[PDB]
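Okay, so here's just one chain, in structure tokens, the form deposited in one PDB entry.
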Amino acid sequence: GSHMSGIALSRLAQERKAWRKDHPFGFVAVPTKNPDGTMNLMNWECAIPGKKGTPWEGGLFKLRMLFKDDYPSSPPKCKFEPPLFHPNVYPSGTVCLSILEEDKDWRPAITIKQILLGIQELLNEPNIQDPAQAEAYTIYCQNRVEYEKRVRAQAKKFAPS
């Protein structure tokens, strides 16, 4: 056991408690289980639903949330699994966002709900000023009609079966 996780484990426990009682519709945020069956609050498997009225609509995108020992001083590491086609998502699947940066807009008070809702808004409102992947960026900038097909295609490929 990480005896260095006292503060984080405490904060993550109340975080989970607050999510169960109330969270956005369509979203999913649950801790993973350890080798045996213990609850692992340092590693979450989440799901972000595409926003309605957008080409992402109807898709249910999975990503894992990883917390470090110093959390909530530092933000969790977010990575879409499998990697997502989007200009602010690195090929590795890591999501590029301001509130997920210690040196920037991240505050210890930011909730998982805020992070997940923040990432959901990023989906249809990308930041072309700061692209994480070349492909999605180039297509978005050179052929938005084609960009929409890819996104719609991706949303269909990840629709709740």
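One-based numbering along the sequence shown.
The same protein also has a form solved in complex with a small molecule, omitted here; what follows describes it.
* Partner-contacting position among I115, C46, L97, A136 - heavy atom within 4.5 Å of the small molecule in the deposited complex -> So the residue touching the small molecule in the deposited complex, by this definition, is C46.
* Asked: Since exactly one of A132, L41, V28, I110 fits, which has a heavy atom within 4.5 Å of the small molecule in the deposited complex?
  -> None of the other options qualify; the answer is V28.
* Considering the small molecule in the deposited complex, find the one stretch among 117 to 125, 33 to 41, 55 to 63, 102 to 110 with heavy atoms no farther than 4.5 Å from it. => Checking each option against the 4.5 Å cut-off leaves 55 to 63.
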